[PDB]
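Have a look at the structure below before the remarks.
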Amino acid sequence: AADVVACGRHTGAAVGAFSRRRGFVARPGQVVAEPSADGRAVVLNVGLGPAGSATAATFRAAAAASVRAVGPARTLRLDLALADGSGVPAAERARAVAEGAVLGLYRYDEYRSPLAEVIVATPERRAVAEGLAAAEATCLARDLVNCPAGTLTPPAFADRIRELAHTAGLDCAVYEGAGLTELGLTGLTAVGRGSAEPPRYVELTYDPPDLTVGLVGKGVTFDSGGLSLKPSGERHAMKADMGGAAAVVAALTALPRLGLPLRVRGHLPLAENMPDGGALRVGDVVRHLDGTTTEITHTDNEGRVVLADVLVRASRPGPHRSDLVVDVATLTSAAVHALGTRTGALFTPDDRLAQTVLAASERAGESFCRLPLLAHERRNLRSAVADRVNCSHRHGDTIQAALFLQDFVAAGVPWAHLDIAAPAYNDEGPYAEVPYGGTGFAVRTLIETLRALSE
Amino acid sequence: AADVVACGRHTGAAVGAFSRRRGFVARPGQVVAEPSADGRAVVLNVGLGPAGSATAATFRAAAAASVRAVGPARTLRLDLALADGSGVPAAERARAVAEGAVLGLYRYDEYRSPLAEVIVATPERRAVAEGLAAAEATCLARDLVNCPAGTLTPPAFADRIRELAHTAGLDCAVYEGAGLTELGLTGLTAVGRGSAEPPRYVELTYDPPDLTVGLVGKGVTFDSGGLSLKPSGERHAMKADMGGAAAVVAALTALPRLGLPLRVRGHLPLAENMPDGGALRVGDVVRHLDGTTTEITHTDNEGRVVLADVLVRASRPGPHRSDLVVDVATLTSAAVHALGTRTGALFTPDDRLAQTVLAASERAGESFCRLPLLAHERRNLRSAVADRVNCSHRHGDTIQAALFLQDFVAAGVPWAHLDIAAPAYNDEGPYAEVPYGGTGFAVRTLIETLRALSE
Amino acid sequence: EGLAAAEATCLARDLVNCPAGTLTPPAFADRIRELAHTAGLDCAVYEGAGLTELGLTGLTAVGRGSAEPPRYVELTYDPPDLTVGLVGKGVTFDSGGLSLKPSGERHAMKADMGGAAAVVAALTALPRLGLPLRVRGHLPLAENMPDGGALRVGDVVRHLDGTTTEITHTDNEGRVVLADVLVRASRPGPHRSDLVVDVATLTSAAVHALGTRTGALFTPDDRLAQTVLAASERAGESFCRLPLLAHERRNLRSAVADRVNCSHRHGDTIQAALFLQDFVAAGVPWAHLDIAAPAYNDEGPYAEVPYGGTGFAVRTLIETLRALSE
Ligand SMILES: [Mn+2]
Ligand SMILES: [Mn+2]
Ligand SMILES: [Mn+2]
Ligand SMILES: [Mn+2]
Ligand SMILES: [Mn+2]
Ligand SMILES: [Mn+2]
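Residue numbers (the entry's author numbering), protein chains in the order written: chain A, 35 to 147, 153 to 249, 254 to 498; chain A', 35 to 147, 153 to 249, 254 to 498; chain A'', 169 to 249, 254 to 498. A prime marks a further copy of an entry chain.
Dropping the structure here:
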């Protein structure tokens with residue numbers, strides 16, 4: 035039995051006397067190992083819960099639990115997708131089992147000083168291939184987020200995107216120094232100025248021969268806070284503030300494999316936010332690409348300032364025309380207080396786009412909830428000096444940040460904003476298919492959203 | 035095989051192909067379950083590490099890991115103590131396996147809305168019986184510490200000690216109200232006054248027909268801080284501030300089973316420290332039983348004030364004469380900063396008593412380190428008003444608290460002080476034989492110390 | 169002998185009291201060079217590219233944020249008459269780095285080179301005493317400053333022994349700086365350092381338990397412990413031994429590297445000692461002296477101790493080296 039075989043069991047399914055004696059009750063993610071019938075290999079009995087309540091997430095989580103229980107085995111065959119009786123069709127089971135296996139195997143050992156084959160048993164080969172690709176993209180995002188900021192600097196991150204673009208056949212332009220200055224991304228330049236690592240701006244285009256979607260990803264490779272320095276003695280995953288950029292890049296790398304008939308452009312501002320003799324100051328004013336002005340009332344609300352000019356560039360009327368814009372950003376720390384650590388916030392004025400993103404997230408097994416663009420919170424954007432502030436010092440910053448970003452989206456362009464600060468990094472232990480640390484959150488939601496949009 | 039049999043394996047010992055295929059490498063506490071040879075029951079292979087490095091703690095921890103992996107089995111036989119090859123003699127193996135099994139099975143489910156038999160296989164029946172008794176005493180302390188303070192009030196705790204004394208044949212006197220006032224325990228009375236639950240004082244004596256040892260246990264059943272109220276938003280196990288009293292009571296309950304030829308008296312001041320219109324005030328002075336005075340500079344350093352008069356009573360020259368005094372107290376929060384969460388502090392001027400307690404702790408597998416009674420820290424006891432303060436507001440409070448207690452021990456009486464604030468409560472997850480929450484720390488050290496003293 | 173021991177102590181007092189803007193790492197290296205020359209001690213100063221070649225990546229990473237570049241100095245007392257290695261933490265100014273020390277709390281940030289001061293001063297006294305033993309001083313010198321190019325939380329240092337440390341708090345910089353020096357000092361090689369003692373104003377957690385006038389001693393070697401403690405008694409300096417608790421190693425674990433420089437949990441004094449232990453070559457006896465609190469007296473003068481820099485550990489070291497030479 036190829037070293038280890040993992041069998042999915044719904045509640046009520048038969049297992050041997052040994053599994054029963056060990057307490058196997060088919061609880062989701064429960065794994066009991068036993069010798070195979072011939073005594074030459076290992077069987078894992080893996081719980082899928084009641085058949086009537088099982089979802090694709092159940093299969094995804096059960097696959098992750100299987101690969102975690104593999105021990106020193108060289109080969110693992112997952113039969114989980116062959117369990118029927120639930121409402122989850124075979125193709126969705128196969129896709130989810132494939133995702134969960136890759137996501138569950140993920141390790142980040144690059145900075146530390153025998154499993155050779157995972158096989159998914161199913162006729163749904165296409166679904167398996169899609170699952171593997173989606174999960175591999177997620178793991179790419181995980182690597183990028185986990186990467187120490189001293190390795191993944193803005194220049195190094197730009198180089199990495201260039202290499203990934205080259206592999207995938209994606210068109211890539213990297214802007215730096217004077218070339219960057221010409222673009223008028225004054226938020227990026229101002230925020231990035233304090234650091235010894237100069238900022239970068241990268242555009243990625245997936246453009247198959249077969254609507255144009257713009258993806259904007261916040262790539263603050265290290266967020267210290269700037270002069271409004273993050274308190275020492277509080278823990279912050281400061282290197283993880285490029286999770287939005289990671290999600291966008293990774294999603295873009297998966298599109299050529301899927302062959303989606305839609306044009307997608309990625310827009311990635313990359314910078315460090317550092318304290319320094321030449322750092323952006325509280326009370327300074329940024330004049331943005333659209334001529335409007337932002338007073339910097341708190342240097343740690345840097346992401347919205349960096350994204351502003353990119354949203355103008357991405358959405359402005361011009362050559363070939365981006366029909367809709369989605370931004371992804373580890374933007375706000377206020378959200379998590381209400382929503383908790385595992386749910387992202389979705390903002391959009393477009394109800395059908397909201398539905399498209401939420402349904403995409405459900406298929407992907409990623410938790411989002413929509414928050415309203417409350418008109419009465421615009422009063423908290425007011426500045427005594429400029430057109431707006433980047434920080435009100437009042438409650439409601441998650442909503443205020445969304446309204447701030449909305450100011451820079453050209454009139455009539457459908458737009459959605461994904462604030463993923465909390466779910467982008469897991470500071471608790473591993474659970475299900477999610478490791479400690481960088482999660483790659485939103486990659487799969489984005490892929491699913493782009494699929495629906497292409498249909 | 036009696037549902038489940040647990041086999042101890044040192045590194046290099048033979049296991050079946052299944053255990054090897056699962057990755058069993060005899061790592062301490064590693065458990066791999068497999069069917070028995072006849073297919074009718076369960077075998078647990080349990081790691082004991084290399085034979086040359088195994089200690090009694092290894093066996094204790096391996097036993098705890100065994101009982102945790104039992105599943106729904108009705109009977110468990112531990113063969114762990116029959117593994118030889120290590121330096122741990124058979125009797126010590128049996129004692130430790132017995133302790134670990136009971137300690138590992140411990141659960142505290144009283145306030146929540153199939154295992155019927157654990158058997159230890161060995162000829163060392165006496166050692167097993169001693170291990171079970173020591174562990175049962177530890178679990179009694181665990182229950183007392185875990186108990187909600189609203190259930191274990193000072194009056195209710197006094198009643199519980201009375202019941203335990205009655206079972207064991209121990210002489211017990213409970214003092215309350217006017218009877219308590221007569222004893223002159225003015226620290227206890229002053230600290231306890233703010234609460235609606237009145238304080239208690241309990242004396243327990245083990246007095247077999249076969254030296255007199257005095258045990259003093261801090262029994263603050265709930266420490267809010269008093270008027271110097273503990274900051275809300277910081278977590279404190281305020282109900283666990285009676286861990287010292289718990290350890291002393293539990294140790295006393297084990298002595299009749301062991302039949303130690305020594306007289307041991309327990310002295311237990313019990314109170315709540317609460318804010319109230321009538322609570323002890325910052326700047327108030329307590330006149331103690333020896334006529335000396337303490338200025339209350341911080342109401343949250345209440346334990347030393349409560350213990351002071353009890354130490355005078357316990358050590359004063361008088362009827363039958365207590366030859367040595369050991370106090371146990373969850374006293375200080377400063378210690379943990381240096382020593383960490385799993386090590387108690389030991390203070391004594393007596394080098395041979397220090398050695399006796401430390402060696403006892405080693406046998407028991409409880410971590411202590413001796414701290415010095417630094418003469419230059421007495422300057423931090425000075426008060427502008429009284430003979431001493433209960434808080435210097437300077438670094439070194441763990442040492443200062445010990446010196447404070449030393450003031451009340453009658454001249455020439457050997458004395459040791461055990462500060463166990465951190466190890467008395469585990470606020471991390473369970474590990475080895477230690478659960479989350481109340482640990483019963485110091486019970487086994489005390490029993491081992493009294494054994495050595497009786498020899 | 170008393171005058172010489174006290175004069176060495178006063179040299180350490182001067183070095184600690186010196187404003188950090190005067191006693192920069194380059195200036196401190198120059199001062200050691202001058203003191204070595206007086207005493208007849210062999211001295212090598214490493215800087216820039218020459219420093220880079222040594223692979224002291226902890227020192228370089230910690231020191232990078234400052235405008236004052238780091239230095240590394242080796243001092244050898246080598247009379248014609254065992255080889256003892258002394259490692260001294262020389263952070264000439266510890267601001268905290270990006271994990272910046274809170275403003276409104278008082279810290280003697282210039283005093284974070286007290287360990288280096290004690291080692292240098294002890295070495296200057298040896299030629300006067302004529303002790304028959306070879307003693308090498310190893311002094312990493314740097315400023316820990318916030319800057320656009322400062323070491324970041326989450327960065328990984330790859331040390332001279334190939335092992336890795338994740339920087340979870342930039343204010344636990346001393347252990348990171350000392351790591352590579354301990355590898356260099358203890359590695360098997362030419363003439364062979366038989367034992368290593370490090371002295372460092374390392375930890376702020378200790379003082380909570382021990383108070384302001386007592387240093388912490390760590391060593392797995394019971395006889396070396398006794399030698400140092402008895403030396404301290406003769407010198408009138410207060411130390412207490414703390415255990416190298418095996419169960420505190422779990423708090424060194426990192427999700428990314430081989431270890432962290434900060435657990436954000438209780439027990440950092442012990443954890444820091446275990447961290448340093450990782451870099452001492454197998455079989456080399458080692459002791460660690462954590463003297464953050466007693467190195468600087470922030471209360472008024474008492475007895476023979478002034479306000480400010482105390483020169484703590486100089487006399488203990490001299491007494492320890494005397495006993496070791498006998
Ligand atoms: Mn920020
Ligand atoms: Mn940010
Ligand atoms: Mn208290
Ligand atoms: Mn208390
Ligand atoms: Mn520091
Ligand atoms: Mn330092």
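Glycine included, each C-beta is placed from N, C-alpha and C at the ideal position.
- Across the region 41-55 of chain A, CB contacts with chain A' closer than 8 Å involve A51, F52, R55, in sequence order along the chain.
- Excluding residues up to 5 positions away in sequence, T192, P193, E315 lie with their Cβ nearer than 6 Å to the Cβ of A''/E236 in the same chain.
- Cβ neighbours of A'/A115 within its own chain (closer than 6 Å, five residues either side excluded): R127, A128, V131, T161.
- Under a 10 Å Cβ-count criterion, A'/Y240 is classified as buried, with 16 or more other Cβ atoms of the shown protein chains found around its own Cβ.
- Counting along the chain, no beta strand (DSSP E) covers A/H205; the unbroken alpha helix (DSSP H) around it starts and ends at 193-207.
- Look at A'/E338 here: in three-state DSSP terms it is strand.
- With respect to the C-alpha of A/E345, the residue from A/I200, A/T375, A/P274, A/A197 having the closest C-alpha is A/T375.
- For the 8 Å CB-CB criterion, A'/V328 and A'/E338 form a contact.
- For A/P299, the enclosing alpha helix (DSSP H) covers residues 286-301.
- Looking at the DSSP output, A''/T244 shares a beta bridge with A''/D210, A''/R308.
- With distances taken between CA atoms, A'/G121 lies nearest to A'/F93 out of A'/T441, A'/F93, A'/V428, A'/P392.
- Here A'/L219 is buried. Its C-beta has 16 or more other C-beta atoms within 10 Å.
- For A'/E242, the closest alpha carbon among the candidates A'/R199, A'/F265, A'/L272, A'/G269 is that of A'/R199.
- Taking a cut-off of 8 Å on C-beta distances, the region 297-311 of chain A'' does not touch the region 402-416 of chain A'', as fewer than three cross pairs fall below it.
- Partner residues in the beta bridge of A'/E156, as assigned by DSSP, are A'/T109.
- Using a Cβ-Cβ distance cut-off of 8 Å, the region 174-184 of chain A' and the region 213-233 of chain A' are not in contact, since fewer than three pairs of beta carbons, one from each stretch, lie closer than that value.
- Straight through space, the alpha carbons of A''/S234 and A'/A91 are spaced by roughly 49 Å.
- The DSSP assignment places complete alpha helix (DSSP H) segments of no fewer than 4 residues inside the region 355-407 of chain A' at 378-382, 394-407, in order along the chain.
- If the five residues before and after A/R74 are omitted, its C-beta is found closer than 8 Å to the C-beta atoms of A35, all from its own chain and listed in chain order.
- A straight line joining the alpha-carbon of A'/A125 with that of A'/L183 spans about 30 Å.
- Under the 8 Å Cβ criterion, the region 425-442 of chain A' counts as touching the region 380-391 of chain A'', having at least three qualifying pairs.
- Scanning A'/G81, A'/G83, A'/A135, A'/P84 for the CA closest to the CA of A'/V104 turns up A'/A135.
- Membership of A/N423 in any alpha helix (DSSP H) is not indicated, and neither H nor E is assigned to it by DSSP.
- The CB of A'/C412 comes closer than 7 Å to the CB of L414, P415 in chain A'', given here in chain order.
- With a threshold of 8 Å between beta carbons, A/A67 makes contact with chain A'.
- Under DSSP, the beta-bridge partners assigned to A'/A314 are A'/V263.
- A'/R494 carries a helical assignment under DSSP once its states are collapsed to helix, strand and coil.
- Interface annotation, A/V368: not in contact with chain A', CB-CB separation never under 8 Å.
- Taking a cut-off of 8 Å on C-beta distances, the region 353-368 of chain A'' touches the region 453-469 of chain A'', as three or more cross pairs fall below it.
- Judged by DSSP in its simplified three-state form, A''/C186 adopts coil rather than helix or strand.
- The alpha carbon of A'/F447 has as its nearest neighbour, out of A'/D470, A'/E471, A'/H419, the alpha carbon of A'/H419.
- Residues of the region 336-359 of chain A'' with a C-beta less than 9 Å from any C-beta of chain A: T336, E338, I339, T340, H341, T342, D343, listed in chain order.
- A/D370 sits buried, since 16 or more C-beta atoms from the chains shown fall within 10 Å of its C-beta.
- In terms of beta-carbon proximity, A'/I442 lines the interface with chain A'', with at least one pair separated by less than 8 Å.
- The three-state secondary structure of A/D440, taken from DSSP, is helix.
- Per the Cβ contact rule, the region 478-496 of chain A is not in contact with the region 413-433 of chain A (fewer than 3 Cβ pairs under 8 Å).
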